[PDB]
Amino acid sequence: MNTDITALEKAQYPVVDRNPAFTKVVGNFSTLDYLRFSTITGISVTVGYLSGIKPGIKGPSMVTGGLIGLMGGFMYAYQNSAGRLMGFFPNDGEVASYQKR
Amino acid sequence: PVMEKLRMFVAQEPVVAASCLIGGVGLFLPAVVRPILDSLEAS
Amino acid sequence: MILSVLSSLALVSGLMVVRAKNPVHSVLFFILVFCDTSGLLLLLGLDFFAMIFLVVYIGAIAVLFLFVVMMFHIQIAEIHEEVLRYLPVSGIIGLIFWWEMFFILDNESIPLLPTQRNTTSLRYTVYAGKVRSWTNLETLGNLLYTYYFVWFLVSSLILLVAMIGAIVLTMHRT
Amino acid sequence: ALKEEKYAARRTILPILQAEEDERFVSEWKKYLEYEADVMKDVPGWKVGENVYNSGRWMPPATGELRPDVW
Amino acid sequence: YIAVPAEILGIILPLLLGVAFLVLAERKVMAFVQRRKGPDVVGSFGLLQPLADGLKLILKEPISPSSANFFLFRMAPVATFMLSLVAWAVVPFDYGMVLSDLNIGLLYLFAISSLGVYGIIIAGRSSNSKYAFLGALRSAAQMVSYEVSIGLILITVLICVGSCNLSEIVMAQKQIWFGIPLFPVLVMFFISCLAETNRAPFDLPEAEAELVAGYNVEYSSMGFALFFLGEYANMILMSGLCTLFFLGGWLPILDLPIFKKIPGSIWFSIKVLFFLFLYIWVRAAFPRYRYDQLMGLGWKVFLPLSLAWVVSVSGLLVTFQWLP
Amino acid sequence: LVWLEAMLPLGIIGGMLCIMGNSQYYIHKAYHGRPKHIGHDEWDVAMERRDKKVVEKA
Amino acid sequence: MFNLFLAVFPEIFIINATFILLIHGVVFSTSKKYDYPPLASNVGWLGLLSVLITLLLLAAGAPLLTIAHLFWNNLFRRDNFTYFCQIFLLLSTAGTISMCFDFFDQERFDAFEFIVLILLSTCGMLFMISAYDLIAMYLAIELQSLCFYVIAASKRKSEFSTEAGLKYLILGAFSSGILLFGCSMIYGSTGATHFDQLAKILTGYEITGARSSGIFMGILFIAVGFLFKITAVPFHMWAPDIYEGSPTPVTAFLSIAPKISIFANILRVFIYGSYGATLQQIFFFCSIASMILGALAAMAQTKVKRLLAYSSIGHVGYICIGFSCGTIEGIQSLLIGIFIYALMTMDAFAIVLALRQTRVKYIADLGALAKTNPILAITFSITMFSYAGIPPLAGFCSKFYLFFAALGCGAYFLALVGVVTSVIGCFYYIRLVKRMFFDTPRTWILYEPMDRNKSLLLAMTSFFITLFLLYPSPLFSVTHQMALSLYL
Amino acid sequence: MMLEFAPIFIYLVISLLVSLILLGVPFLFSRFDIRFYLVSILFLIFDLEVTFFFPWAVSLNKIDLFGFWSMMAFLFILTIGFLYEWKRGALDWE
Amino acid sequence: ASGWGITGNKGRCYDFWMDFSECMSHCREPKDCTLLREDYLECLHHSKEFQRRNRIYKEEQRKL
Amino acid sequence: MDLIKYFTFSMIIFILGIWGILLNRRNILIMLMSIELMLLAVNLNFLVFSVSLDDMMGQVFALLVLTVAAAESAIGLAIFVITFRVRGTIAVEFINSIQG
Amino acid sequence: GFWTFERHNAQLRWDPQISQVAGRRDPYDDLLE
């Protein structure tokens, strides 16, 4: 499969890595990325618990909501980290660990 | 204590468990072993 | 000539689909239209599609229709109607559609009149594309799952909707 | 391997087959050009063997049959 | 093309003789299992019994009951018999011994199997009998249910071969027969064939003592004969398919000059005969499932396992790059 | 040894199958001069038609 | 390889969440341990959460949706226009779902599969907006339509719901076949299905004497399918019956979400394309017919749902006038009208769903509502006057552009039709205010108060309707932005 | 080449003749069960699955890992549907 | 226009389509690409070739 | 003249679907079957055009349309079944309650 | 000439990246490669 990451609208910030790997993007998670992930996971677990009381399945409903929240929170954090590393988002921190390292 | 629930599931639904294991092997080989062989070949 | 034969068989079978008094007979004449279509596809050289029309349209869809329509036990009185009064409106609509639509390719695709000369010696043959021939099956399979896989997965979503809807609308568990 | 062998044998003898086909088609095309020159005699403005393609690139004559290569 | 009908008749007529003698062979084997003799009076060793039975059916008066679907009642056995016959045009018996070397032969066979259900359903509704109709509905549902597992097993063989040509499927087993690494798949295929042929333990149409009337209860004379000949021709065909897909077709057991001496048609016939013996041995060995039980087996056992084997075989082959 | 009675119809079926193969094999070989080729593709067809000219016009 | 799928993170997430909700619902609805609990509201809340998370993922990753555009080019095309259209669609889905919980609880509609089908149709409309090829467009349209057919017959024991499902299925399949025929004709005439290839082949010639009749009829049949989809006359008669017969949440969802998705499709297939004014005349004549028929038929109605259905038909006519004129301001005003009509329709259906707990069926059932719930009667009147187009309410923008385009494009018959239809509409809208405020019936109907979700949504939509024209700049600028993203 | 289909047509003609000879020689001397619809629906779904497997199975050698995983996702969606069928009692004829 | 041929090779009319597309990629007036566009359509439908051959057939029939 | 004849075959199938709609006011099952005929005619056009233009895009869409046709037939027959169950008959006089 | 804009030229940049993919090659490149 021929692949091409070239985006339609060019990055507006220094490109630290144009196609960062999965492990590299994950290792690039900042404290803000872990804050977004934890907030989305906690809100999802809360909604699962509160919506599950009436049917009587608050536990399993918490599990289902937490799974949805874990998926969405990881997705949001990965999005932010990869976009920073590709220069689509403000990434002064990534540029610091690039000039220095 | 989810270690005998799997035991009861295998006892009660042997065909389903066998199907899951067979398909799981079929999915595990290309997801895990194939990248291992690809990485070994390059080096 | 063979196209004329298949066209005539399909025309009569389709008329029978839309005009049979008994709907079961309408489903069986629909199977005859699909067999005729499969023959046409074989003439086109598309054997996979010719076989898949048998497997899916006759083997699965028409069986669904037959199962449902047989268990309905429809009495002729509930669906009968004299259709002589529809000759004029059908005449007008069919004539308009015929003239506008059976000749839609004539201006764009002007036919080659068959001359009284062997124009079959002017067939140039290229052996480069004949060294390794692809079947219609391999040509389709080269594209479905890689370069147009999103449409493939959306079709799967359509099928999942079909399953869920079938259950939610008709299921009465015992 | 057995199939690759067959395909390799097809590739080494392709040029002679293609050359013979090219010669046969050129002779047939000359015959049809002279037939057209005779039939379209006394037709003002005609051009014997005019290319309908503006770019002038050569294409085989179209047959009017949808799938003749499968029969 | 002037010689084509000669080949076609050289296929069809021996097939009809083989069907007539498969019925005799089943009666002889079931009898021998049961400490009896089976047909042994009409001809030496009962060998003229099929001729007598066929001639009897020919002379028997056709009833053609006072139904409102007389054309469909008579056309239903003709449809199923023609379908049973036409599957043999693509079957190879040896290298080059095949009428039509279809490149899409596997899918063609699947299409024929899918078409087989119509004779049974039309017989039920056209017979003007509630008992024949409910039996035909059950039989049709069972056949379509086991078609799914048959198709998924066919896909597994296709992944191993990478071509729908039956001769190529045979010649792909020169290194090893597919029945050795795919033995559970072969067992599933043989059971799915049993259920697809309406054969014991899945023979609902024979369960008259079970208050379950068959789809052909209102048929007499040669309509009934055509249904019977179609079913037995399908049994022979299923044995042939089991042979081709899993037992190397016309290939010898070992690639040695001593085995290569006898013709591949003899190898193919021997393997087909072994599966035809299993069809009868199973009929003689076991009782039959209820309709609900066999439907549960079809949708809950054989489909999941067939899907699992497709996934496992394809994943292993793409992993180690062993694809055709 | 009474069980050989049952091996007669089975042998007859096997012979019928061998006939189904061989009879169509020999009729085709007689009419076409050579046995049927499995895998006749576009290339094999192009060869046969060209060979006809290459033979008849020589 | 993984990073290429950043272009489809929202769809991947929402599809996976829908699968999770399907499994959760089926596993616990069949459970004897929990006494087979109804899960429509539990799954509904989790699905509202999933929709909101999808909206966050889409909104935040605005540049990333255009990543790997060459690789994804033959499947879809994401840009500014699709970005804002999809955000609007997700917001509409979230509001519609939020209005369903009282219906689930008090009616006892316990089917969680209703939520799953709504989520799958939302995935379908997401794919419709980003479709950039006839094949993808058709497939996404069909996924959407199949979900709608199933949910319209969700009350499977009701005569009305089954009838609506049947009429919907038959007429929708008919129109879909017509549209597919159009696509086949276009493909045969041009050898292309991608929208860029179609744009190049068609540009510069339109009807130059030697006109491809195949391309003409392909455009015609595709337009017929689109006009069926937007409930435009004469391909409209399904909509009032289906709207009335479906369950009221289904009607609410159908009156908003599918219009956004198909107008996105219409703008990308034709405006981005190239042909004669023939198609513009098609939409012009359909707009005029829609205004006239909608106005008169709404005047004839005695039931609330049918009145809202015919009102929507009239307003799509008003909207399609903006497509016909073929200017940047035409597209801007079409987008503004769609936005304002969506908000107003959500307001009206929140009121209708609130009153359906007491089984409101007729307009006369609203008698003495100004006495039994004064604030609710005022909120419904603000919505009705917005519908009539009376300034300074938000509904006045549609009227203003209708008349502006007509006196600019040079049309005077259109101005006359607009005047007459506006007056007729004002009459049958203020009839509802007269019923709630002026009548003194012998027998009253006392309505149960609405739940918190519908009250919050109603308060917000009522503030928007009364106050949008005080600060309308963001909508104007974002719609202008979208109109230009289509061309450049 | 479609050349191998002509013998099949002649074979069909001859088989029809034999059937007519066999069947013509002797002429000389109100209950709806939803489970059948449901089994038809499931058969239709899995028949389409077998259909999409044939091009894939013959094409595994060229699509490599990408085609394998796209088919896997297709199967995953359809198997979620099948699990929904199982849990709702569509596979039980009791 | 897609370039995928029905026999596993480049489509018959793909080169004409491309040349048309490169032309339109920098010519601001679409009339600058008319010749290549009608070449692509002629490859698609063979309309002018068949029309000219039908002219030849007509003249032969007239002179017979 | 091959292409025009294939196209007129598809044309007659489409026209027969239109006629089945026109001629079956009291038979909604045949209305559904006429719609299926129209969908087959379009599927054939894509295949014929794909062969005619030497382009594979027609065949991909032909397969996907077959999937759509299957799903639409399944759901349509489900809606038919539930309508029949509620009313006990299929006559069109019992599916006309919504009007105006 | 909106068709000149780079957003409307995706095939012109994508297709050359797959010009060597089996299924869309000129038959002669197989003979000389």
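To match Swiss-Prot, the residue numbers of chain I are left as they are there, and the shown ones run 2-65.
The backbone N, Cα and C atoms fix where each Cβ goes, and this holds for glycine too.
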Bond partner of I:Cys14 - disulfide, per Swiss-Prot - picked from I:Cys34, I:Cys44: I:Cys44
Under 8 Å by Cβ from I:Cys14 (disulfide bond), counting only residues of that chain that are 6 or more apart: I:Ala2, I:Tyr41, I:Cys44, I:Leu45
Number of Cβ atoms other than its own within 10 Å, given for I:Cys24 (disulfide bond): 17
Proximity to chain C among disulfide-bonded residues I:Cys24, I:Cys34, I:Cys44, where any Cβ pair is under 8 Å: none
Intrachain C-beta neighbours of I:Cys34 (disulfide bond), sequence separation six or more, cut-off 8 angstroms: I:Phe21, I:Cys24, I:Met25, I:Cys28
Proximity to chain J among disulfide-bonded residues I:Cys14, I:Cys24, I:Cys34, where any Cβ pair is under 8 Å: I:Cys14
